[PDB]
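In the block that follows, a single chain appears as structure tokens, in the form deposited in one PDB entry.
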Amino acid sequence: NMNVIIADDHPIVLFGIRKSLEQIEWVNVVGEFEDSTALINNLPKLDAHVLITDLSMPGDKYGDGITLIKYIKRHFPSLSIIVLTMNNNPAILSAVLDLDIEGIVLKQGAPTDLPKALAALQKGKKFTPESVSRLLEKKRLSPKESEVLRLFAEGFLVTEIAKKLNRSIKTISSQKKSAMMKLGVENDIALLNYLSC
């Protein structure tokens, strides 16, 4: 059998996932945790092959999100991870791709796709749905562009940035514009909201 651990802050989500896996005869659920502290403390005590885990979840000691996933992959390299997320969030998904985890499943199609992700992990392959893989397939910022947006995100006008960094307004405008293009944002409002992440 494949021993599986499930992790999510909502207990009925926890229940739903288990009922989504009870059909699979060769699967055995060995743990269900609602916070990251319980999960980390108990990982050393369970012989699990795969973790199905949410990205958002309580526990400040080891936190949540991308850092928690990194922590787990580093310390449990024998454990294959299926990240379970509500949204298609390229920044997260890419960061997750970099850490070489074995699966991404969107919560909307979990009942259908969770069995498919486990079968795929079983036969060596990774699992991403079309919506995700299309994005993952699809020019980073220069350091000068990065400093222009930082100051812009702090409330500095282009004129104020020119003085501070000691370049012409044309150059600042150019560098900002160039950076906006790399991020795919058309206007300053969209830029600033964007930079909140």
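Take the two forms, find the largest set of C-alpha atoms that superpose within 1.5 Å, and that set is the rigid core. Note that residue numbering follows the sequence shown and begins at 1.
- Count the deposited residues lacking coordinates between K138 and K139 and you get 4 to 9 of them.
- Per-stretch averaging of Cα B factors for 58-66 and 29-37 places 58-66 on top.
- Set 157-165 against 38-46 and average the Cα temperature factors; 157-165 ends up higher.
- When all modelled residues of the chain are sorted by CA temperature factor, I5 is found within the lowest third.
- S20: CA B factor lies in the middle third for its chain, per the PDB record.
- Per the PDB record, residue ranking by Cα B-factor puts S142 in the highest third of the chain.
- Ranked by Cα temperature factor within the chain, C197 sits in the highest third according to the deposited record.
- In this PDB entry, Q108 carries a Cα temperature factor that places it within the lowest third of its chain's modelled residues.
Just so you know, the form deposited in another entry exists too; it's not on screen, but the next bit is about it.
- Just a single entry of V50, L149, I40, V27 exceeds or equals a 2 Å CA shift between the shown form and the other one, which is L149 (rigid core superposed).
- With the core held fixed between the shown form and the other one, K182 has its Cα displaced by at least 2 Å.
- Once both forms are overlaid on the rigid core, the distance between the two CA positions of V158 between the shown form and the other one is 2 angstroms or more.
- Core-superposed comparison between the shown form and the other one: CA of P115 displaced by less than 2 Å.
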